[PDB]
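Report on the following structure.
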Amino acid sequence: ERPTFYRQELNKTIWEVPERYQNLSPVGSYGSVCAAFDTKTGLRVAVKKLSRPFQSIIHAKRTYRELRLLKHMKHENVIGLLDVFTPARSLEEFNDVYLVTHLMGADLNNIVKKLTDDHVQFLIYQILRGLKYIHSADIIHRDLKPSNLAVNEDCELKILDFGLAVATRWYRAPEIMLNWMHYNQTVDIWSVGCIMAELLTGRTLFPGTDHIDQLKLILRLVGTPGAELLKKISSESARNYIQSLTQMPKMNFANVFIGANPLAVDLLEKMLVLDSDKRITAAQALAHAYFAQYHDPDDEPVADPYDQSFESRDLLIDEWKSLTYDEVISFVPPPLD
Ligand SMILES: Nc1ccc2c(NC3CC3)nc(-c3ccccc3)nc2c1
Ligand SMILES: O=C(c1ccccc1)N1CCCCC1
């Protein structure tokens, strides 16, 4: 049977949540989030209410994608669904989607207020372990950045799908910047590299003002593409653009990252590689020496397979609406431990 819902008004917007969640308290805005108390488990949680989940076909797909992705994530360094619920009693009236997950307080972006090498080691290690699991499901995150990294006071880290209301572009792989349709998983590794760099130094590696500037700054550090990468660019335009640029030499990373752990610097070298067929993977980075005190092959799991064939379907608004509803209805709480 269904539980007792109860109603209140909040950030101008309205919230009809179950009895079980108490003391809602907005933390800021795709949707807005409340910190609340979960009387069933005793823990503080975040309740995200989706804004306009079914406003267009693209919203309806996005809303479904997000539910599928969250329902699939079962791993310590990746955000999982505690609960999904709606005020609606039937498909016909189904209109609002709420998502519940563990509260974690802060995000890397705002905890950056320069860490020690043990900390960045533990922080990046946990990201990589998260990416292992995500990547093993054929899922790419694409927008890895500080605000999408949630960290409790235990220094425990979880990859968020979407974070609090700092540019996207600063952490994007150059091939995504050049609009390559065919990028692999290691666009996320690039992001990690940029984040690690920011923790070790306290400075955004590539603070570009736009997508041209952004690429400028990247090539300064990592050099213009050699001929081996040059020949993989299937686009006259791009090829013209960078082959027209001034030939920058690949800087020495131990000169730029002075007095960082030379193991840290090694890893950064292996992550900020221009050519994405050569970038270290999440799985291979975990075995890097830099994480020797954390690395445990027996405790770095992979995900169950994830069906994303839905990504290719062109479906009616009411069809995505109803697939979501099925996902809400078929939801199994994780065990309470
Ligand atoms: N195996 C790869 C590795 C890296 C690549 C990359 N990124 C490099 C910084 C230039 N860019 C491109 C590409 C292709 C078409 C249009 C624009 C860019 N392809 C790449 C293929
Ligand atoms: O955006 C969310 C969220 C909330 C509920 C379900 C999924 C993600 N969070 C943001 C950072 C604090 C933890 C949760």
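Residues are referred to by chain and number: the chain letter is A, B, ... according to the order shown in the structure tokens, the number counts from 1 in that chain, and ligands are numbered separately from 1 in the order shown.
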Using only C-alpha atoms and all ligand atoms, which protein or nucleic acid residues are at most 6 Å from ligand 2, as an mmCIF file with C-alpha atoms, in the first residue's frame?
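part03.cif was written with the following content:
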data_model
loop_
_atom_site.group_PDB
_atom_site.id
_atom_site.type_symbol
_atom_site.label_atom_id
_atom_site.label_comp_id
_atom_site.auth_asym_id
_atom_site.auth_seq_id
_atom_site.Cartn_x
_atom_site.Cartn_y
_atom_site.Cartn_z
ATOM 1 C CA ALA A 46 18.454 14.883 -0.291
ATOM 2 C CA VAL A 47 15.136 14.979 -2.094
ATOM 3 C CA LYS A 48 15.343 16.304 -5.637
ATOM 4 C CA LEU A 99 14.326 11.525 -6.210
ATOM 5 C CA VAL A 100 15.862 10.629 -2.854
ATOM 6 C CA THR A 101 19.490 10.052 -2.060
ATOM 7 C CA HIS A 102 21.980 10.298 0.857
ATOM 8 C CA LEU A 103 22.886 13.845 1.833
ATOM 9 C CA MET A 104 26.630 14.450 1.569
ATOM 10 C CA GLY A 105 26.837 18.120 2.468
ATOM 11 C CA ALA A 150 29.969 15.059 -3.556
ATOM 12 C CA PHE A 162 23.975 16.564 -11.725
ATOM 13 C CA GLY A 163 25.149 19.057 -9.026
#
With the cut-off set at 7 Å and counting only C-alpha atoms and all ligand atoms, tabulate each residue of chain A with an atom at most that distance from an atom of ligand 1, showing the nearest atom pair and its distance in Å to one decimal, ordered by chain and increasing number, as CSV.
residue,atom,partner,partner_atom_place_in_ligand_line,distance
A:174,CA,ligand 1,9 (C),4.9
A:175,CA,ligand 1,7 (N),3.7
A:178,CA,ligand 1,17 (C),4.4
A:179,CA,ligand 1,17 (C),5.5
A:180,CA,ligand 1,16 (C),4.5
A:225,CA,ligand 1,10 (C),6.3
A:229,CA,ligand 1,3 (C),6.1
A:232,CA,ligand 1,21 (C),5.1
A:233,CA,ligand 1,14 (C),4.0
A:234,CA,ligand 1,15 (C),4.7
A:235,CA,ligand 1,16 (C),4.8
A:238,CA,ligand 1,17 (C),5.2
A:274,CA,ligand 1,9 (C),5.2
A:275,CA,ligand 1,3 (C),3.9
A:276,CA,ligand 1,3 (C),4.3
A:277,CA,ligand 1,1 (N),5.3
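Across A:187, A:112, A:124, A:156, the tightest approach to residue 144 (chain A) is made by A:187 when counting only C-alpha atoms.
Among the candidates A:198, A:319, A:299, A:337, the one nearest to residue 115 (chain A) when counting only C-alpha atoms is A:198.
With only C-alpha atoms taken into account, the protein and nucleic acid residues at most 9 Å from residue 5 (chain A) (excluding it and anything under 6 positions from it in its own chain) are residues 16, 17, 18, 19, 20 and 87 of chain A.
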Residues of the last selection are to be written out with N, CA, C and O atoms, as a compact mmCIF listing (two decimals), in the first residue's frame.
# COMPACT_ATOMS: atom_id res chain seq x y z
N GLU A 16 4.99 17.84 -2.50
CA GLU A 16 4.14 16.83 -1.86
C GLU A 16 4.93 15.53 -1.68
O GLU A 16 4.99 14.67 -2.58
N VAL A 17 5.54 15.42 -0.50
CA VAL A 17 6.38 14.29 -0.13
C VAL A 17 5.69 13.42 0.93
O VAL A 17 4.74 13.87 1.58
N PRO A 18 6.16 12.17 1.11
CA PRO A 18 5.63 11.28 2.12
C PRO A 18 5.95 11.72 3.54
O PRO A 18 6.85 12.54 3.76
N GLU A 19 5.20 11.16 4.48
CA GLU A 19 5.31 11.36 5.92
C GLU A 19 6.75 11.18 6.36
O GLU A 19 7.38 12.08 6.92
N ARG A 20 7.24 9.98 6.06
CA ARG A 20 8.61 9.53 6.27
C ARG A 20 9.74 10.57 6.10
O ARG A 20 10.73 10.53 6.83
N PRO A 87 3.43 11.84 -6.01
CA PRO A 87 2.10 12.10 -5.45
C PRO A 87 0.96 11.36 -6.19
O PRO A 87 -0.07 11.09 -5.58
For region 240-245 of chain A, find every residue with an atom within 10 Å (counting only C-alpha atoms), except residues of its own chain fewer than 2 positions away, and show them as a VMD selection string. chain A and resid 178 215 to 216 219 224 to 227 230 235 to 238 247 to 248
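Candidate residues A:206, A:30, A:171, A:15 were compared for distance to residue 218 (chain A), and the nearest is A:206, using only C-alpha atoms.
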Determine, counting only C-alpha atoms, which protein, DNA and RNA residues have an atom within 12 Å of an atom of residue 166 (chain A); residues of the same chain fewer than 6 positions away are not included. Present the result as JSON, numbers by chain. {"A": [108, 109, 110, 145, 146, 147, 148, 203, 204, 206, 207, 208, 209]}
Selection from above, N, CA and C atoms, as a tab-separated table (two decimals), in the first residue's frame, can you write it?
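So part.tsv came out as:
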chain	number	residue	atom	x	y	z
A	108	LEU	N	33.23	18.93	-4.05
A	108	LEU	CA	34.64	19.28	-4.28
A	108	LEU	C	34.89	20.74	-4.63
A	109	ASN	N	34.01	21.28	-5.47
A	109	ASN	CA	34.07	22.65	-5.94
A	109	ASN	C	34.22	23.64	-4.80
A	110	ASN	N	33.45	23.41	-3.74
A	110	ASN	CA	33.38	24.35	-2.63
A	110	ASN	C	34.17	23.90	-1.41
A	145	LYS	N	33.21	17.23	-13.13
A	145	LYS	CA	33.72	18.51	-12.67
A	145	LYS	C	33.48	18.63	-11.17
A	146	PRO	N	34.10	19.61	-10.50
A	146	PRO	CA	34.02	19.62	-9.02
A	146	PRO	C	32.59	19.57	-8.44
A	147	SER	N	31.72	20.46	-8.89
A	147	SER	CA	30.33	20.50	-8.44
A	147	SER	C	29.58	19.19	-8.64
A	148	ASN	N	30.09	18.29	-9.50
A	148	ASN	CA	29.44	16.99	-9.70
A	148	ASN	C	30.06	15.90	-8.84
A	203	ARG	N	44.55	25.74	-8.39
A	203	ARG	CA	44.27	26.56	-9.58
A	203	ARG	C	43.68	25.75	-10.69
A	204	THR	N	42.64	26.28	-11.30
A	204	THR	CA	42.06	25.67	-12.47
A	204	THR	C	43.15	25.49	-13.50
A	206	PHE	N	42.87	24.74	-16.79
A	206	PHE	CA	42.55	25.47	-18.02
A	206	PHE	C	41.35	26.41	-17.89
A	207	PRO	N	41.61	27.63	-17.41
A	207	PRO	CA	40.51	28.56	-17.16
A	207	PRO	C	40.05	29.33	-18.42
A	208	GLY	N	39.90	28.63	-19.54
A	208	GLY	CA	39.53	29.30	-20.78
A	208	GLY	C	38.27	30.16	-20.71
A	209	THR	N	38.25	31.26	-21.47
A	209	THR	CA	37.08	32.14	-21.53
A	209	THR	C	36.04	31.67	-22.56
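If only C-alpha atoms are the atoms counted, then among A:306, A:291, A:331, A:183 the closest residue to residue 117 (chain A) is A:291.
For the pair CA of residue 55 (chain A) and CA of residue 95 (chain A), the separation is 9.9 Å.
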From the DSSP assignment of the backbone, select every residue of region 51-277 of chain A that is helix (DSSP H, G or I), and format the answer as a ChimeraX atom specification. /A:57-72,108-111,117-136,146-148,169-171,174-177,187-201,211-222,227-230,236-244,253-256,262-271
Considering only C-alpha atoms, return as a compact mmCIF listing (two decimals) with C-alpha atoms, in the first residue's frame whatever protein or nucleic-acid residues lie within 12 Å of region 70-75 of chain A, sequence-local ones (same chain, fewer than 6 positions apart) excluded.
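Once written, part_17.txt looks like this:
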# COMPACT_ATOMS: atom_id res chain seq x y z
CA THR A 63 13.51 12.33 -16.97
CA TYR A 64 13.48 8.63 -17.96
CA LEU A 81 18.67 5.99 -5.37
CA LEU A 82 17.35 5.52 -1.81
CA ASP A 83 13.77 6.19 -2.98
CA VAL A 84 11.73 7.40 -5.92
CA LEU A 99 14.33 11.52 -6.21
CA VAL A 100 15.86 10.63 -2.85
CA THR A 101 19.49 10.05 -2.06
CA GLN A 126 37.54 7.26 -5.20
CA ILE A 127 36.55 9.04 -8.44
CA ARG A 129 36.88 3.67 -8.66
CA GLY A 130 33.50 5.28 -9.43
CA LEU A 131 34.45 5.72 -13.11
CA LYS A 132 35.51 2.06 -13.25
CA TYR A 133 32.10 0.95 -12.27
CA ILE A 134 30.31 3.53 -14.53
CA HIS A 135 32.57 2.89 -17.48
CA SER A 136 32.11 -0.89 -17.17
CA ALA A 137 28.43 -0.30 -17.87
CA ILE A 139 28.08 4.71 -19.69
CA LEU A 157 33.32 10.77 -2.37
CA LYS A 158 30.38 10.15 -4.73
CA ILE A 159 29.98 10.97 -8.40
CA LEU A 160 26.75 12.87 -8.94
CA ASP A 161 24.76 12.76 -12.14
CA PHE A 162 23.98 16.56 -11.72
CA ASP A 299 37.35 -4.52 -4.00
CA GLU A 300 36.88 -2.45 -7.21
CA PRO A 301 33.72 -3.89 -8.73
CA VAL A 302 32.15 -3.49 -12.16
CA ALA A 303 28.49 -2.82 -12.90
CA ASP A 304 25.76 -5.11 -14.15
CA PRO A 305 25.07 -4.55 -17.82
CA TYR A 306 22.98 -1.43 -18.59
CA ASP A 307 20.43 -1.39 -21.37
CA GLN A 308 20.64 1.93 -23.14
CA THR A 324 9.09 6.40 -16.26
CA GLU A 327 10.23 2.59 -13.46
CA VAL A 328 8.82 4.40 -10.42
CA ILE A 329 6.36 1.59 -9.78
CA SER A 330 8.89 -1.20 -10.13
CA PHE A 331 11.39 0.38 -7.73
CA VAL A 332 12.97 -1.80 -5.03
CA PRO A 333 14.39 -0.06 -1.98
CA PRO A 334 17.98 -1.05 -1.28
CA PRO A 335 18.35 -3.08 1.98
